[PDB]
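Remarks on the structure that follows.
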Amino acid sequence: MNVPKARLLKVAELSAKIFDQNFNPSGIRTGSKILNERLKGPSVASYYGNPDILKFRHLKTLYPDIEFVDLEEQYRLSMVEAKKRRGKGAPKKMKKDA
Amino acid sequence: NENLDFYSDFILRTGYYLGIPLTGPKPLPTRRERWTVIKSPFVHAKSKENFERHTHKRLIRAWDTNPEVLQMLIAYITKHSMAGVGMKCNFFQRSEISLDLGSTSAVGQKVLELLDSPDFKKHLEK
Amino acid sequence: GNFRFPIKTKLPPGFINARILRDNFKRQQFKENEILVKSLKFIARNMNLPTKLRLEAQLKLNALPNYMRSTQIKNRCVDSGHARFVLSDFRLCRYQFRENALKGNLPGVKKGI
Amino acid sequence: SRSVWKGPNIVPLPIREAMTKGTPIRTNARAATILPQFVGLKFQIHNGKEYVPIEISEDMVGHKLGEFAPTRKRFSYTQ
Amino acid sequence: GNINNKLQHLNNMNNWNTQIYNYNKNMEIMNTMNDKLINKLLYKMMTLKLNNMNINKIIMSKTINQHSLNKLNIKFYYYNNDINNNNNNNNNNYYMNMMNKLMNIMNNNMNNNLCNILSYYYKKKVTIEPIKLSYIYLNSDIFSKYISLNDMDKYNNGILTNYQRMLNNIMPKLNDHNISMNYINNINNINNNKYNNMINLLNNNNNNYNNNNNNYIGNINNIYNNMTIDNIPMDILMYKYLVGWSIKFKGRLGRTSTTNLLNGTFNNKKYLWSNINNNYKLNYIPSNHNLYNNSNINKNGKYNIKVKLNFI
RNA sequence: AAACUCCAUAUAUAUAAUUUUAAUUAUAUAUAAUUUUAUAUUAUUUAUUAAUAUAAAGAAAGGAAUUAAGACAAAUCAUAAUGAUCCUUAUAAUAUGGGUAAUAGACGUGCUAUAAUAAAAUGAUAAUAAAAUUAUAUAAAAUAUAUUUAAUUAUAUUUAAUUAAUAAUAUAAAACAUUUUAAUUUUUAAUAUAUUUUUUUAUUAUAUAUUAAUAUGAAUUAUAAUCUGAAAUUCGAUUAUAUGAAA
RNA sequence: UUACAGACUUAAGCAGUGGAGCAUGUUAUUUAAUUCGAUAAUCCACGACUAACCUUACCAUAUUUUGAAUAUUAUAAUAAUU
Ligand SMILES: [K+]
Ligand SMILES: [K+]
Ligand SMILES: [K+]
Ligand SMILES: [K+]
Ligand SMILES: [K+]
Ligand SMILES: [K+]
Ligand SMILES: [K+]
Ligand SMILES: [Mg+2]
Ligand SMILES: [Mg+2]
Ligand SMILES: [Mg+2]
Ligand SMILES: [Mg+2]
Ligand SMILES: [Mg+2]
Ligand SMILES: [Mg+2]
Ligand SMILES: [Mg+2]
Ligand SMILES: [Mg+2]
Ligand SMILES: [Mg+2]
Ligand SMILES: [Mg+2]
Ligand SMILES: [Mg+2]
Ligand SMILES: [Mg+2]
């Protein structure tokens with residue numbers, strides 16, 4: 001506390017130089033914090049998982065010899081045909097050209 | 001703890017034959033994580049279920065060993081690791097004060113590029 | 001042929017709904033423009049620069065699309081898509097967490113004492 | 001309350017055309033800060049449903065356009 | 001004793017389908033999500049077809065993902081009823097049935113094995129070990145999936161009187177009490193065989209000062225005399241006998257109806273008459289009990305099959 | 001079913017080269033009680049008994065989970081999933097802004113307060129915790145400003161250590177001691193006085209109003225500044241000066 | 001219809017609720033919209049462990065039309081096979 005401020009400022013400046021630190025004696029807002037914050041993009045963008053997962057549609061070309069059946073897809077197609085037979089099918093979609 | 005303790009015992013046996021003085025496994029404080037849920041899917045926030053997860057920890061220390069032998073230990077125990085066990089290794093290398101040949105951020109680069117673009121140079125003109 | 005978002009994006013590998021698609025798109029575009037937004041924010045908040053350059057950066061920041069905004073990312077349940085009471089330790093809503101926990105799907109989760 | 005050291009909330013607006021032609025400026029940027037240049041110009045400010053016509057005076061500088069385009073109707077009870 | 005031996009208790013690590021610990025929590029979450037997605041994908045690879053009228057459905061249990069420091073092992077149990085060539089001939093020795101073709105792409109195929117594709121998804125070496133179960137009532141998960149997906153024509157118009165009868169004669173009604181007491185007698189015999197071995201090896205003397213510090217009793221052979229792999233292992237193994245099983249149905253098979261079939265014992269007396277102590281899996285399920293639920297869709301809608309097995 | 005269990009507790013062994021230190025600890029395994037014994041008294045189905053007390057031994061006193069059946073055709077189609085039915089240039093999809101924050105009355109649940117067995121200051125060789133958190137971070141010390149010697153509080157500048165039994169969030173708080181405290185002339189002040197002296201006594205002055213709101217209370221509101229964010233207008237948080245309602 | 005037993009049910013004690021301000025939920029009303037439930041016990045800081053944008057399910061305006069899926073059949077650009 002009795003150490004003159006000039007002496008303590010000389011130590012701070014030299015110390016900052018040796019340790020590659022930003023010496024801002026005035027205190028002006030410099031934005032240095034923004035330049036030092038970490039990039040969180042990679043972690044944020046992986047929230048929902050790796051998109052390059054093997055999918056059922058890729059199995060018919062990876063393993064041509066084997067014939068796989070998608071029961072969920074097969075069930076859906078049967079429900080579509082059933083509704084067509086009851087007359088409850090879907091209306092034909094309007095074409096933009098019209 | 002079961003796989004953790006079994007694997008720790010195996011490390012001590014590997015080290016002995018490698019000539020590595022080993023201490024442990026020292027048990028470190030178990031971490032407990034807790035989550036409280038409401039059992040019902042929609043309402044009834046008065047009945048809450050408790051869930052927890054315990055992280056068991058063990059410390060094995062190696063002494064008075066050369067770096068090459070220490071790497072052999074880590075390689076072998078890695079090759080024969082057990083399910084559900086994780087491993088962190090802190091290596092300590094004593095060195096001389098002065099060595100021979102020794103032992104720019106993306107944001108800063110873009111700032112320089114932006115400050116040279118016309119949308120910014122058109123103002124910096126003095 | 002007509003993707004709903006301005007830029008082509010890959011689909012998440014698991015459960016999908018419109019809200020998940022919208023949130024995922026914002027996550028991908030935030031990552032592509034994170035550096036750009038940080039560089040403009042630096043110029044706009046650095047008091048050593050002239051006010052004109054600072055105001056130019058602020059104007060450019062206000063003109064960025066909403067899908068580049070970090071504050072618009074919302075954590076959703078990766079199994080159901082629900083965006084309320086989502087535990088970040090598992091990225092699941094409370095109900096899906098309980099169901100997965102009791103099935104033994106969460107690596108070290110057991111019922112409390 | 002935006003920190004004064006950050007400056008005004010400047011938004012892209014067509015002020016040059018409104019100063020050389022006198023046309024009203026239709027905008028949804030209710031957050032925009034009324035800059036001292038805007039004084040005298042005519043703005044049509046969205047309120048969520050309609051665009052409220054408002055001319056800017058010198059006592060409006062510093063405020064934000066949204067402050068002059070109320071978004072709700074006054075409350076009334078069926079007494 | 002029970003929890004200090006690998007043959008007398010289930011390791012708690014097996015209570016979880018993903019067996020992993022990563023210091024990087026984000027990578028742990030990612031690995032967990034990858035295990036669920038691959039599990040779903042594998043469920044879609046079990047249904048195979050040779051011709052329009054030859055669809056072979058392989059019933060697969062949930063996967064056990066063993067994450068070690070160097071590799072990931074994906075272990076699952078599967079049941080397949082070979083209905084295409086169930087003969088007494090050796091014609092199956094000259095062709096690969098569809099189930100063998102499916103199992104050989106997991107690891108054997110040199111160009112497009114599923115392990116190499118997954119090794120890039122996980123960024124670590126991956127192995128897949130399919131284990132064949134010959135009965136559908138040895139795994140609660142396989143049993144529920146079979147009923148739900150294959151026995152629908154038996155319980156869609158009520159539970160057939162023959163269907164229920166078959167689900168009640170699966171196992172002979174073993175006497176749990178004598179099996180429990182036989183197990184405890186074997187343990188006592190083994191424990192008394194080792195104590196006698198040491199007592200004799202000490203009374204026969206196999207530095208008096210050193211005779212107060214060391215505890216080395218003598219040659220390993222004498223301490224373990226008459227305790228070999230041919231008589232100790234198979235007698236101490238637990239959960240070896242199915243002693244109870246309950247199969248429930250529910251849903252619409254115009255109102256939902258529930259039918260419950262209960263047959264056998266749902267407890268273990270090995271824990272009562274002995275110091276052996278029971279353990280709860282995930283802290284709420286008794287170790288002996290294995291419960292699984294499988295749902296499917298019919299004309300009316302969703303119906304659930306809840307099966308519970310008690311192995312002691 | 002209960003128990004057998006698991007937790008807590010007590011104890012033993014093992015582990016830690018006791019500077020990752022808390023060994024007064026950590027966590028693996030094992031043991032222990034659902035306590036036991038003696039005596040007197042009162043009842044009994046009077047005996048090899050209960051209720052009681054007395055004596056002795058003991059650390060021993062608490063918890064969780066533990067499943068079967070049925071009902072309310074109780075909640076949920078808005079955690080996700082299924083049938084039927086309906087929409088398909090729209091009841092699907094995207095963007096900008098607005099709304100979900102409106103305000104007569106009413107209801108539920110909270111917070112703060114209405115003063116003296118209770119509020120406010122101050123307490124640095126730093127009174128005394130536990131359980132958690134920190135790679136989609138926790139942020140020390142220091143300096144600068146508000147702002148005054150300094151401290152305190154807030155923010156800025158800077159970003160030490162630690163991705164952790166190590167460093168940080170974080171010197172716990174109440175407690176306790178001293179001082180102060182409107183209503184209260186129960187005070188304060190001027191003289192004199194004392195063997196109550198941080199105090200006593202005497203004589204003067206110290207207000208009036210007043211069932212009442214103060215040095216209680218902190219709602220409301222003015223102005224300025226700050227924090228997060230691309231953005232704080234509808235509609236966020238903090239600080240300073242001023243405002244000071246009901247109770 | 002009888003008789004039993006149980007609890008059911010009060011009391012005592014501590015601090016509260018019911019009164020003021022504010023916070024919050026609900027109702028009612030309003031509104032272009034004030035999203036939708038739950039809404040006696042068993043709703044009412046409940047769904048919701050955080051509504052400025054996002055979240056969002058509502059409103060106004062503008063805009064997209066096989067759209068996020070699977071398959072069929074064409075067309076191409078590309079790499080292998082032959
Ligand atoms: K110590
Ligand atoms: K809003
Ligand atoms: K008080
Ligand atoms: K403390
Ligand atoms: K007052
Ligand atoms: K505001
Ligand atoms: K806003
Ligand atoms: Mg958010
Ligand atoms: Mg309802
Ligand atoms: Mg609301
Ligand atoms: Mg202290
Ligand atoms: Mg500090
Ligand atoms: Mg202190
Ligand atoms: Mg105090
Ligand atoms: Mg006050
Ligand atoms: Mg009053
Ligand atoms: Mg009240
Ligand atoms: Mg919107
Ligand atoms: Mg909104």
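Each chain of the structure tokens is named A, B, ... in the order shown, its residues numbered from 1; ligands are numbered from 1 in display order.
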
Can you work out which residues are within 7 Å of ligand 1, considering only C-alpha atoms (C1' of nucleotides) and all ligand atoms, and then hand them over as a ChimeraX atom specification? /F:18,21,23

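Looking only at segment 118-277 of chain E, the set that DSSP places in strand (DSSP E) from backbone geometry is residues 125, 126, 127, 128, 129, 130, 131, 132, 242, 243, 244, 245, 246, 247, 248, 249, 250, 251, 259, 260, 261, 262, 263 and 264 of chain E.
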
Between atom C1' of residue 90 of chain F and atom CA of residue 5 of chain C, what is the distance, to one decimal in Å? 19.1 Å

Contacts to ligand 18 at 10 Å cut-off (only C-alpha atoms (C1' of nucleotides) and all ligand atoms) as an NGL selection string: (:F and (95-98)) or (:G and (53-56))

Would you save the residues from that selection as a PDB file, in the first residue's frame, using C-alpha atoms (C1' of nucleotides)?
```
ATOM      1  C1'   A F  95     -40.404 -15.476 -42.519  1.00  0.00           C
ATOM      2  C1'   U F  96     -41.544 -10.441 -39.998  1.00  0.00           C
ATOM      3  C1'   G F  97     -44.236  -8.319 -36.123  1.00  0.00           C
ATOM      4  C1'   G F  98     -47.874  -9.025 -32.304  1.00  0.00           C
TER       5        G F  98
ATOM      6  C1'   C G  53     -37.044 -13.235 -30.481  1.00  0.00           C
ATOM      7  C1'   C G  54     -36.713 -18.683 -30.168  1.00  0.00           C
ATOM      8  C1'   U G  55     -39.682 -21.604 -27.099  1.00  0.00           C
ATOM      9  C1'   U G  56     -45.215 -21.556 -29.792  1.00  0.00           C
TER      10        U G  56
END
```

Based on DSSP run over this structure's backbone, return all residues of chain C in helix (DSSP H, G or I), as a ChimeraX atom specification. /C:18-45,51-62,66-68,70-72,94-103

Site check for ligand 10: residues at most 12 Å away, only C-alpha atoms (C1' of nucleotides) and all ligand atoms, as a PyMOL selection string: (chain F and resi 99-101) or (chain G and resi 24-26+34-36+45+47-48+51)

Next, dump the selected residues to file, keeping only N, CA and C atoms (P, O5', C5', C4', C3', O3' and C1' of nucleotides), as a PDB file, in the first residue's frame.
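Output below, filename part.pdb:
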```pdb
ATOM      1  P     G F  99     -47.343  -7.602 -27.783  1.00  0.00           P
ATOM      2  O5'   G F  99     -48.322  -8.856 -27.722  1.00  0.00           O
ATOM      3  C5'   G F  99     -49.728  -8.683 -27.797  1.00  0.00           C
ATOM      4  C4'   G F  99     -50.456 -10.001 -27.747  1.00  0.00           C
ATOM      5  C3'   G F  99     -50.222 -10.853 -26.512  1.00  0.00           C
ATOM      6  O3'   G F  99     -50.954 -10.422 -25.380  1.00  0.00           O
ATOM      7  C1'   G F  99     -50.081 -12.207 -28.439  1.00  0.00           C
ATOM      8  P     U F 100     -50.330 -10.596 -23.911  1.00  0.00           P
ATOM      9  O5'   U F 100     -50.287 -12.172 -23.699  1.00  0.00           O
ATOM     10  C5'   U F 100     -51.487 -12.929 -23.701  1.00  0.00           C
ATOM     11  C4'   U F 100     -51.224 -14.413 -23.662  1.00  0.00           C
ATOM     12  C3'   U F 100     -50.461 -14.933 -22.454  1.00  0.00           C
ATOM     13  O3'   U F 100     -51.282 -15.082 -21.310  1.00  0.00           O
ATOM     14  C1'   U F 100     -49.574 -15.888 -24.428  1.00  0.00           C
ATOM     15  P     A F 101     -50.658 -14.981 -19.833  1.00  0.00           P
ATOM     16  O5'   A F 101     -49.772 -13.659 -19.864  1.00  0.00           O
ATOM     17  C5'   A F 101     -50.354 -12.384 -20.115  1.00  0.00           C
ATOM     18  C4'   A F 101     -49.759 -11.316 -19.231  1.00  0.00           C
ATOM     19  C3'   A F 101     -50.099  -9.880 -19.627  1.00  0.00           C
ATOM     20  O3'   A F 101     -50.201  -9.074 -18.456  1.00  0.00           O
ATOM     21  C1'   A F 101     -47.764 -10.166 -19.666  1.00  0.00           C
TER      22        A F 101
ATOM     23  P     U G  24     -45.326 -12.061 -11.591  1.00  0.00           P
ATOM     24  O5'   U G  24     -45.977 -13.485 -11.301  1.00  0.00           O
ATOM     25  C5'   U G  24     -45.164 -14.642 -11.181  1.00  0.00           C
ATOM     26  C4'   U G  24     -45.945 -15.830 -10.679  1.00  0.00           C
ATOM     27  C3'   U G  24     -47.223 -16.169 -11.427  1.00  0.00           C
ATOM     28  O3'   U G  24     -47.003 -16.851 -12.649  1.00  0.00           O
ATOM     29  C1'   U G  24     -47.643 -16.233  -9.114  1.00  0.00           C
ATOM     30  P     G G  25     -48.092 -16.756 -13.827  1.00  0.00           P
ATOM     31  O5'   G G  25     -49.243 -17.759 -13.374  1.00  0.00           O
ATOM     32  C5'   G G  25     -49.010 -19.158 -13.342  1.00  0.00           C
ATOM     33  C4'   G G  25     -50.146 -19.911 -12.695  1.00  0.00           C
ATOM     34  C3'   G G  25     -51.526 -19.721 -13.303  1.00  0.00           C
ATOM     35  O3'   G G  25     -51.729 -20.457 -14.494  1.00  0.00           O
ATOM     36  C1'   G G  25     -51.682 -19.589 -10.956  1.00  0.00           C
ATOM     37  P     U G  26     -52.805 -19.950 -15.573  1.00  0.00           P
ATOM     38  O5'   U G  26     -54.204 -20.068 -14.817  1.00  0.00           O
ATOM     39  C5'   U G  26     -54.728 -21.337 -14.454  1.00  0.00           C
ATOM     40  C4'   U G  26     -55.997 -21.220 -13.646  1.00  0.00           C
ATOM     41  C3'   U G  26     -57.166 -20.511 -14.309  1.00  0.00           C
ATOM     42  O3'   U G  26     -57.855 -21.322 -15.243  1.00  0.00           O
ATOM     43  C1'   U G  26     -56.942 -19.758 -12.079  1.00  0.00           C
ATOM     44  P     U G  34     -58.496 -15.815 -28.473  1.00  0.00           P
ATOM     45  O5'   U G  34     -58.362 -14.821 -27.237  1.00  0.00           O
ATOM     46  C5'   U G  34     -57.619 -15.189 -26.079  1.00  0.00           C
ATOM     47  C4'   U G  34     -56.149 -14.896 -26.242  1.00  0.00           C
ATOM     48  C3'   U G  34     -55.291 -15.199 -25.016  1.00  0.00           C
ATOM     49  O3'   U G  34     -53.980 -15.570 -25.446  1.00  0.00           O
ATOM     50  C1'   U G  34     -55.107 -12.923 -25.533  1.00  0.00           C
ATOM     51  P     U G  35     -53.408 -17.046 -25.176  1.00  0.00           P
ATOM     52  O5'   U G  35     -54.462 -18.017 -25.868  1.00  0.00           O
ATOM     53  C5'   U G  35     -54.673 -17.988 -27.271  1.00  0.00           C
ATOM     54  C4'   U G  35     -54.428 -19.337 -27.902  1.00  0.00           C
ATOM     55  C3'   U G  35     -55.035 -20.534 -27.188  1.00  0.00           C
ATOM     56  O3'   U G  35     -56.415 -20.705 -27.458  1.00  0.00           O
ATOM     57  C1'   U G  35     -52.797 -21.016 -27.778  1.00  0.00           C
ATOM     58  P     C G  36     -57.402 -21.233 -26.307  1.00  0.00           P
ATOM     59  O5'   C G  36     -56.871 -22.701 -25.987  1.00  0.00           O
ATOM     60  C5'   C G  36     -56.882 -23.708 -26.989  1.00  0.00           C
ATOM     61  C4'   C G  36     -56.211 -24.975 -26.521  1.00  0.00           C
ATOM     62  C3'   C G  36     -56.679 -25.535 -25.186  1.00  0.00           C
ATOM     63  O3'   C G  36     -57.892 -26.265 -25.276  1.00  0.00           O
ATOM     64  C1'   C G  36     -54.320 -25.533 -25.250  1.00  0.00           C
ATOM     65  P     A G  45     -50.538 -23.530  -8.002  1.00  0.00           P
ATOM     66  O5'   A G  45     -49.353 -22.607  -8.538  1.00  0.00           O
ATOM     67  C5'   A G  45     -48.825 -22.780  -9.850  1.00  0.00           C
ATOM     68  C4'   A G  45     -47.369 -23.185  -9.825  1.00  0.00           C
ATOM     69  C3'   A G  45     -46.917 -23.941  -8.574  1.00  0.00           C
ATOM     70  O3'   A G  45     -45.946 -24.923  -8.929  1.00  0.00           O
ATOM     71  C1'   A G  45     -45.607 -22.003  -8.831  1.00  0.00           C
ATOM     72  P     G G  47     -45.667 -28.086 -12.961  1.00  0.00           P
ATOM     73  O5'   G G  47     -45.996 -28.720 -14.384  1.00  0.00           O
ATOM     74  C5'   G G  47     -46.115 -30.126 -14.541  1.00  0.00           C
ATOM     75  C4'   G G  47     -46.748 -30.482 -15.861  1.00  0.00           C
ATOM     76  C3'   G G  47     -46.081 -29.902 -17.098  1.00  0.00           C
ATOM     77  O3'   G G  47     -44.952 -30.652 -17.513  1.00  0.00           O
ATOM     78  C1'   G G  47     -48.426 -29.582 -17.231  1.00  0.00           C
ATOM     79  P     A G  48     -43.619 -29.908 -18.015  1.00  0.00           P
ATOM     80  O5'   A G  48     -43.291 -28.871 -16.851  1.00  0.00           O
ATOM     81  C5'   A G  48     -42.037 -28.199 -16.807  1.00  0.00           C
ATOM     82  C4'   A G  48     -42.196 -26.737 -16.460  1.00  0.00           C
ATOM     83  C3'   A G  48     -42.964 -26.453 -15.171  1.00  0.00           C
ATOM     84  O3'   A G  48     -42.419 -25.302 -14.524  1.00  0.00           O
ATOM     85  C1'   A G  48     -44.087 -25.449 -16.996  1.00  0.00           C
ATOM     86  P     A G  51     -41.208 -20.050 -18.461  1.00  0.00           P
ATOM     87  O5'   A G  51     -40.794 -19.694 -19.956  1.00  0.00           O
ATOM     88  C5'   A G  51     -40.417 -18.373 -20.315  1.00  0.00           C
ATOM     89  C4'   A G  51     -40.876 -18.037 -21.709  1.00  0.00           C
ATOM     90  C3'   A G  51     -40.729 -16.584 -22.131  1.00  0.00           C
ATOM     91  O3'   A G  51     -39.419 -16.294 -22.586  1.00  0.00           O
ATOM     92  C1'   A G  51     -42.878 -17.405 -22.741  1.00  0.00           C
TER      93        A G  51
END
```

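Residues of protein, DNA or RNA lying at most 9 Å from ligand 17, when only C-alpha atoms (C1' of nucleotides) and all ligand atoms are considered, are residues 109 and 110 of chain F; 17, 18 and 19 of chain G.
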
Quick one: write out the picked residues with C-alpha atoms (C1' of nucleotides) as a PDB file, in the first residue's frame?
```
ATOM      1  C1'   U F 109     -50.569 -20.704  -3.489  1.00  0.00           C
ATOM      2  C1'   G F 110     -46.430 -17.735  -2.011  1.00  0.00           C
TER       3        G F 110
ATOM      4  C1'   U G  17     -54.098 -19.601   6.032  1.00  0.00           C
ATOM      5  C1'   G G  18     -58.360 -16.122   5.969  1.00  0.00           C
ATOM      6  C1'   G G  19     -56.805  -8.854   6.644  1.00  0.00           C
TER       7        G G  19
END
```

So that I can check the surroundings of residue 38 of chain D, please list as an NGL selection string every protein, DNA and RNA residue that reaches within 10 Å of it, counting only C-alpha atoms (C1' of nucleotides) and ignoring chain neighbours fewer than 2 positions away. :D and (15 or 18-19 or 33-36 or 40-43 or 55-58 or 60-61)

Just to be explicit: take each residue in the selection above, keep C-alpha atoms, and write the result as a PDB file, in the first residue's frame.
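What landed in again-v1.pdb:
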```
ATOM      1  CA  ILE D  15     -34.394   7.180 -44.910  1.00  0.00           C
ATOM      2  CA  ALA D  18     -38.133   9.572 -47.289  1.00  0.00           C
ATOM      3  CA  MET D  19     -35.884  12.659 -47.184  1.00  0.00           C
ATOM      4  CA  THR D  33     -34.117   3.677 -31.907  1.00  0.00           C
ATOM      5  CA  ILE D  34     -35.420   7.018 -33.175  1.00  0.00           C
ATOM      6  CA  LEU D  35     -32.238   8.775 -34.282  1.00  0.00           C
ATOM      7  CA  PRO D  36     -31.977  12.585 -34.446  1.00  0.00           C
ATOM      8  CA  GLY D  40     -39.588  15.406 -39.300  1.00  0.00           C
ATOM      9  CA  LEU D  41     -39.995  12.147 -41.218  1.00  0.00           C
ATOM     10  CA  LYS D  42     -43.222  10.141 -41.368  1.00  0.00           C
ATOM     11  CA  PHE D  43     -43.267   6.512 -40.213  1.00  0.00           C
ATOM     12  CA  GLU D  55     -44.573  11.780 -37.456  1.00  0.00           C
ATOM     13  CA  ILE D  56     -41.437  12.155 -35.345  1.00  0.00           C
ATOM     14  CA  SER D  57     -40.830  15.251 -33.211  1.00  0.00           C
ATOM     15  CA  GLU D  58     -37.730  16.339 -31.309  1.00  0.00           C
ATOM     16  CA  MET D  60     -39.175  11.438 -29.513  1.00  0.00           C
ATOM     17  CA  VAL D  61     -35.434  11.095 -30.189  1.00  0.00           C
TER      18      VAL D  61
END
```

May I have a table of the residues of chain C lying at most 8 Å from chain E, giving each one's closest pair of atoms and their distance in Å to one decimal, counting only C-alpha atoms, ordered by chain and ascending residue number, as CSV?
```
residue,atom,partner,partner_atom,distance
C:13,CA,E:37,CA,7.7
C:14,CA,E:37,CA,6.8
C:89,CA,E:29,CA,7.5
C:90,CA,E:29,CA,6.3
C:102,CA,E:282,CA,7.3
C:104,CA,E:16,CA,4.5
C:105,CA,E:17,CA,5.4
C:106,CA,E:16,CA,6.9
C:107,CA,E:18,CA,5.1
C:108,CA,E:16,CA,6.8
C:109,CA,E:282,CA,7.3
C:110,CA,E:282,CA,4.3
C:111,CA,E:283,CA,5.2
C:112,CA,E:283,CA,7.2
C:113,CA,E:283,CA,7.8
```

Could you save those same residues with N, CA, C and O atoms as a CSV table (one decimal), in the first residue's frame?
```
chain,number,residue,atom,x,y,z
C,13,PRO,N,-30.4,-38.1,-37.2
C,13,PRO,CA,-30.6,-39.5,-37.5
C,13,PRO,C,-31.7,-40.2,-36.8
C,13,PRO,O,-32.1,-41.3,-37.2
C,14,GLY,N,-32.3,-39.6,-35.7
C,14,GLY,CA,-33.4,-40.2,-35.0
C,14,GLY,C,-34.8,-39.6,-35.2
C,14,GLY,O,-35.1,-39.3,-36.3
C,89,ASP,N,-28.2,-33.6,-19.2
C,89,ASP,CA,-27.3,-34.7,-19.0
C,89,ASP,C,-27.6,-35.9,-19.9
C,89,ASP,O,-26.8,-36.7,-20.2
C,90,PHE,N,-28.9,-35.9,-20.4
C,90,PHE,CA,-29.3,-37.0,-21.4
C,90,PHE,C,-30.1,-36.5,-22.6
C,90,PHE,O,-30.4,-37.2,-23.5
C,102,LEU,N,-35.6,-46.6,-16.4
C,102,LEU,CA,-36.1,-47.8,-15.9
C,102,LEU,C,-35.8,-49.0,-16.8
C,102,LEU,O,-35.8,-50.1,-16.4
C,104,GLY,N,-33.0,-49.4,-18.3
C,104,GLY,CA,-31.6,-49.6,-18.3
C,104,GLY,C,-30.8,-49.0,-19.5
C,104,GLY,O,-29.7,-49.5,-19.9
C,105,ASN,N,-31.4,-48.0,-20.2
C,105,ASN,CA,-30.8,-47.4,-21.4
C,105,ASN,C,-29.8,-46.3,-21.0
C,105,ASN,O,-28.9,-46.0,-21.8
C,106,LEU,N,-29.9,-45.7,-19.8
C,106,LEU,CA,-29.0,-44.6,-19.4
C,106,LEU,C,-27.8,-45.2,-18.8
C,106,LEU,O,-28.0,-45.9,-17.8
C,107,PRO,N,-26.6,-44.9,-19.2
C,107,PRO,CA,-25.4,-45.7,-18.8
C,107,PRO,C,-25.3,-46.1,-17.3
C,107,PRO,O,-25.1,-47.2,-17.0
C,108,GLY,N,-25.4,-45.1,-16.4
C,108,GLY,CA,-25.2,-45.4,-15.0
C,108,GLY,C,-26.3,-45.1,-14.1
C,108,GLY,O,-26.1,-44.9,-12.9
C,109,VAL,N,-27.5,-44.9,-14.6
C,109,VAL,CA,-28.6,-44.4,-13.8
C,109,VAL,C,-29.4,-45.5,-13.1
C,109,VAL,O,-29.7,-46.5,-13.8
C,110,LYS,N,-29.6,-45.3,-11.8
C,110,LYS,CA,-30.4,-46.3,-11.0
C,110,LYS,C,-31.4,-45.5,-10.2
C,110,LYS,O,-31.3,-44.3,-10.1
C,111,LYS,N,-32.4,-46.2,-9.7
C,111,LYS,CA,-33.4,-45.6,-8.9
C,111,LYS,C,-32.8,-45.2,-7.5
C,111,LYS,O,-32.1,-45.9,-6.9
C,112,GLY,N,-33.2,-44.0,-7.1
C,112,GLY,CA,-32.6,-43.4,-5.9
C,112,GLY,C,-33.1,-44.2,-4.6
C,112,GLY,O,-34.1,-44.9,-4.7
C,113,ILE,N,-32.4,-43.9,-3.5
C,113,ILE,CA,-32.7,-44.6,-2.3
C,113,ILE,C,-33.5,-43.6,-1.4
C,113,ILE,O,-33.3,-42.4,-1.3
```

Using only C-alpha atoms and a distance of at most 6 Å, pull out the residues of chain B that contact chain E, as a ChimeraX atom specification. /B:81-86

Once you count only C-alpha atoms (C1' of nucleotides) and all ligand atoms, which residues end up within 10 Å of ligand 14, and could you hand them over as a VMD selection string? chain F and resid 120 to 123 173 to 175

Find the residues near ligand 4. Use a cut-off of 7 Å, count only C-alpha atoms (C1' of nucleotides) and all ligand atoms, and write them as a list in words. residues 129, 170 and 172 of chain F

Keeping only C-alpha atoms (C1' of nucleotides), write the selected residues as a PDB file, in the first residue's frame.
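Produced file result_36.pdb, reproduced below:
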```
ATOM      1  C1'   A F 129     -21.087 -26.579   8.049  1.00  0.00           C
ATOM      2  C1'   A F 170     -17.080 -19.712  -1.417  1.00  0.00           C
ATOM      3  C1'   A F 172     -21.506 -19.995   5.475  1.00  0.00           C
TER       4        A F 172
END
```

Go through chain F and flag each residue having an atom no more than 8 Å from chain C; for those, report the closest pair of atoms plus their distance in Å to one decimal, using only C-alpha atoms (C1' of nucleotides), ordered by chain and rising number, as a tab-separated table.
```
residue	atom	partner	partner_atom	distance
F:7	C1'	C:113	CA	7.4
F:64	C1'	C:113	CA	6.4
F:65	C1'	C:113	CA	7.9
F:79	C1'	C:95	CA	5.7
F:80	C1'	C:80	CA	5.2
F:93	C1'	C:4	CA	6.5
F:94	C1'	C:4	CA	6.2
F:229	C1'	C:71	CA	7.3
F:230	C1'	C:62	CA	5.0
F:231	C1'	C:62	CA	7.5
```
